[PDB]
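A.B. asks:
Number of protein chains: 2
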Amino acid sequence: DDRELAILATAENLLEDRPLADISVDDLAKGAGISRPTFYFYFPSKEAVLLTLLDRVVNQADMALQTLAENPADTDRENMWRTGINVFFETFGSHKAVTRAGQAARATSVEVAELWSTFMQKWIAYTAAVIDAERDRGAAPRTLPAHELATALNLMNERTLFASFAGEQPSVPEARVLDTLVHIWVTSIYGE
Amino acid sequence: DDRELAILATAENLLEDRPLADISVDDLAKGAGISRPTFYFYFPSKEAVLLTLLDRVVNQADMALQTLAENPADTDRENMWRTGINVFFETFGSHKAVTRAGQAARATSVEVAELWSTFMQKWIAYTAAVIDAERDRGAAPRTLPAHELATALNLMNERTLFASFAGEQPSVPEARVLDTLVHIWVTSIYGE
Ligand SMILES: C[C@@H]1C[C@H]1c1ccc(CCC(=O)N2CCC(C(N)=O)CC2)o1
Ligand SMILES: C[C@@H]1C[C@H]1c1ccc(CCC(=O)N2CCC(C(N)=O)CC2)o1
């Protein structure tokens with residue numbers, strides 16, 4: 023495990039400077055202080071190394087959202103949504119290189135695409151359930167189907183966070199993204 | 023030009039069945055009824071063929087939005103936004119294979135990334151100007167900075183349209199996407 027961790031830390035550090043294309047199995051072995059065949063004992067490929075890194079990041083966010091769901095903030099509905107979106111902003115924003123490369127690999131990799139898909143379905147379902155609960159309590163109006171509204175809003179966040187972290191043009195500055203997403207969540211969830 | 027058009031039509035037809043990776047210069051020449059070296063006279067690579075296809079699609083949408091801007095519908099503010107979003111839905115939705123592959127190539131191709139960036143900046147700027155005009159006339163409240171609000175909403179549409187057209191999981195069904203986006207535009211633009 024200590025050497026497995028080494029390989030993962032090396033991959034994360036290198037992904038800060040280059041894409042996964044420009045990183046070889048030899049670069050990973052070298053940084054982890056192991057040989058090439060020893061690398062292949064822990065991981066079958068550099069793609070599997072990414073997949074593991076991405077799995078850790080996605081579970082960290084998922085576990086943080088579970089924690090929030092169990093310990094609701096004693097706060098207004100705007101800060102409720104802000105606290106939830108902030109899980110993603112801080113989690114992925116603390117692992118931008120992994121996040122970016124994990125998104126790029128969605129195009130090439132079946133398991134990476136499936137990992138993203140699974141967790142997106144889960145977070146969408148949760149969002150939809152909160153919206154439904156808000157509607158049942160009379161705080162939000164019955165406008166769009168909750169699960170479609172949840173899907174769009176979650177996709178917005180994915181795209182917008184990714185663009186901000188990558189400093190794409192165009193993008194919302196990183197110091198304005200949370201406010202910008204929360205406004206659009208709150209107005210569209212509560213707006214008649 | 024007739025042979026250039028042939029190559030483009032062949033590329034568009036093939037991209038319906040495979041990604042650009044699985045299409046070779048030989049497949050393109052073959053479908054256009056030309057030789058391989060004759061192909062290289064018209065285009066330097068299969069990437070340039072995509073780039074041309076994508077440029078045509080993006081300009082078609084841009085010209086449609088210009089047309090709308092010059093001939094405003096005599097309609098309420100909700101149908102105003104719907105008519106604009108619908109330009110993208112119908113334009114890109116009529117060229118899904120090109121649209122999808124053009125998005126995939128953003129990761130690999132500098133010119134493709136720049137083409138998308140240019141036009142996104144333009145459509146964001148336009149959106150922001152309409153929002154500002156709506157605020158000046160007192161129809162919309164001064165909430166978020168207009169250009170940040172415009173950026174998020176345009177990124178939402180990009181991601182959501184792409185997912186819908188690709189039938190990703192998760193996605194908004196294609197027959198519900200326009201309604202879903204328009205709701206979120208209108209509530210967030212006009213919602214206090
Ligand atoms: C960067 C990573 C893919 C993108 C992403 C997915 C989901 C999000 C933010 C939205 C999110 O999932 N929420 C928002 C917070 C909400 C809550 N009440 O706790 C429900 C869960 O960002
Ligand atoms: C599929 C293609 C990238 C994604 C995209 C970009 C922009 C959009 C839809 C939003 C758009 O640009 N609008 C929405 C309509 C609006 C108007 N008042 O005319 C301003 C322009 O979708």
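Going line by line, the protein sequences match chains R and Y.
First residue of the first sequence? That's 23 in UniProt numbering, and the numbers climb one at a time after it.
First residue of the second sequence? That's 23 in UniProt numbering, and the numbers climb one at a time after it.
All residues carry an ideal CB built from backbone N, CA and C; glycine is no exception.
1. Please tell me whether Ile-206 of chain R has its Cβ less than 8 Å away from any Cβ of chain Y.
2. Just checking, does the stretch 92-106 of chain R make contact with the stretch 195-211 of chain R on the three C-beta pairs under 8 Å criterion?
3. Under the rule that 16 or more other beta-carbon atoms within 10 Å means buried, what is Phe-63 of chain Y, buried or exposed?
4. Any idea what DSSP makes of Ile-211 of chain Y, helix, strand or coil?
5. How is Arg-159 of chain Y classed by DSSP in three states: helix, strand or coil?
6. CB of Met-102 of chain Y to nearest heavy atom of ligand 2: below 7 Å?
7. Let me check understanding here. Comparing Cα to Cα, which of R:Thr-113, R:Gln-88, R:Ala-70, R:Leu-50 lies closest to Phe-184 of chain R?
8. Expressed to the nearest angstrom, what Euclidean distance is found between the alpha-carbon atoms of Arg-198 of chain Y and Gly-55 of chain Y?
9. Since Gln-125 of chain Y is in the alpha helix (DSSP H), which residue starts that stretch and which ends it?
10. Along chain Y, which residues have their Cβ under 7 Å away from the Cβ of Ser-131 of chain R?
11. Take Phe-111 of chain R and list the residues in its own chain whose beta-carbon comes closer than 6 Å to its own, dropping the five residues that flank it on each side.
12. Who are the Cβ neighbours of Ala-119 of chain R in its own chain at under 8 Å, not counting the five residues just before and after it?
13. May I have the straight-line CA-CA distance separating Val-152 of chain Y from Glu-180 of chain Y, to the nearest angstrom?
14. For the alpha helix (DSSP H) that contains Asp-84 of chain Y, what are its first and last residues?
15. At a Cβ threshold of 8 Å, is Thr-121 of chain R touching chain Y?
16. What is the DSSP secondary structure of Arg-25 of chain Y, counted as helix, strand or coil?
17. Check the Cβ of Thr-173 of chain R against every Cβ in chain Y and list those closer than 9 Å, keeping chain order.
18. Could you have a look at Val-194 of chain R and say whether DSSP puts it in helix, strand or coil?
19. Would you kindly work out how many angstroms separate the C-alpha atoms of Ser-210 of chain Y and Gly-213 of chain R, rounded to a whole number?
20. Tell me, please, whether the CB atom of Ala-188 of chain R is closer than 8 Å to any CB atom in chain Y?
21. Taking 7 Å as the cut-off, is the C-beta of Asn-35 of chain Y nearer than that to any heavy atom in ligand 1?
22. Just to make sure I have the definition right: I need the residues of chain R whose C-beta is within less than 7 Å of the C-beta of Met-142 of chain Y. Which are they?
23. How far does the alpha helix (DSSP H) with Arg-164 of chain R in it reach, from first residue to last?
24. Looking at the unbroken alpha helix (DSSP H) that takes in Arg-99 of chain R, where does it start and where does it end?
25. Verify the CB distance criterion: does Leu-166 of chain R have a CB-CB separation below 8 Å to chain Y?
26. I need the DSSP call for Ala-95 of chain R, collapsed to helix, strand or coil.
27. Using the Cα positions of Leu-27 of chain Y and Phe-141 of chain R, report the straight-line distance between them to the nearest angstrom.
28. Below 8 Å on the Cβ atoms is my contact criterion, and I expect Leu-76 of chain Y with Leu-137 of chain Y to pass it. Report the Cβ-Cβ distance as a whole number of Å.
29. State buried or exposed for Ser-57 of chain R, treating a residue as buried only when at least 16 other CB atoms are found within 10 Å of its CB.
C.D. replies: To lay it out plainly:
1. yes
2. yes
3. exposed
4. helix
5. coil
6. yes
7. R:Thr-113
8. 41 Å
9. 118-126
10. Simply none; closest approach about 13 Å.
11. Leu-200
12. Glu-34, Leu-37, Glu-38
13. 19 Å
14. 68-92
15. no
16. helix
17. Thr-182, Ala-185, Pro-192, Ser-193, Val-194, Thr-202
18. coil
19. 8 Å
20. no
21. no
22. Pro-192
23. Where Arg-164 of chain R is concerned, there is no enclosing alpha helix (DSSP H), given that its DSSP letter is neither H nor E.
24. 99-115
25. yes
26. coil
27. 43 Å
28. 6 Å
29. exposed
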